[PDB]
């Protein structure tokens, strides 16, 4: 029933503006307020402001009085937040939440990540992590994919187009010294299956529209 779908991740040059959206469904858009919350990595959430779509009134905190403006389209049931004069401090995750007015939030968006970077979109290189050759007693083997030198985040990795999900671990991306990101996904599979079954990682980096399906198999 109640759903709030926010727009996708956004990479923006410093000193610019951005408009993030939140499409609401499952409830009267006009009777409720829409609050916006900022969260930085490693930190608690931070309330920005709320808008009442019926009369269009917005409220915010002192800090965000000038950075952010809040708008609401009752025709498409969409709440917007516009952020201006973007700095690196502004880069964060931005959530839309439904506020009945009481300042607690029962339904949240999925968040939108705002990266404020002079840097430039770069595509991942997908390399295999081939299965090792060992005794394989217990019949557990490991294999994976290395997604290297991509900017900005994120990257989605699936195994066999969603068919394989058990024992899959996708690790958090680390920031290299080059400023590019690197990430790995691995899975643990039966050893006996290695010859019979084919294992493929589908890696999609939407900012550069890079879709790569790489097959992994033992070398030589």
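Numbering follows the first chain given and starts at 1.
Note on 189-197 vs 175-183: mean CA B-factor is higher in 189-197. Per the PDB record, of the two stretches 54-62 and 29-37, 54-62 carries the greater mean B-factor over its C-alpha atoms. The PDB entry gives the largest Cα B-factor of the residues 130, 97, 92, 81 to 130. Annotation for residue 1: C-alpha temperature factor in the middle third relative to the rest of the modelled chain, per the entry.
When the modelled residues of the chain are ordered by their C-alpha B factor, residue 164 lands in the highest third. In this PDB entry, the Cα temperature factor of residue 14 sits in the middle third of its chain's modelled residues. Among the modelled residues of the chain, residue 117 sits in the middle third by CA temperature factor in this PDB entry. Annotation for residue 71: C-alpha temperature factor in the lowest third relative to the rest of the modelled chain, per the entry.
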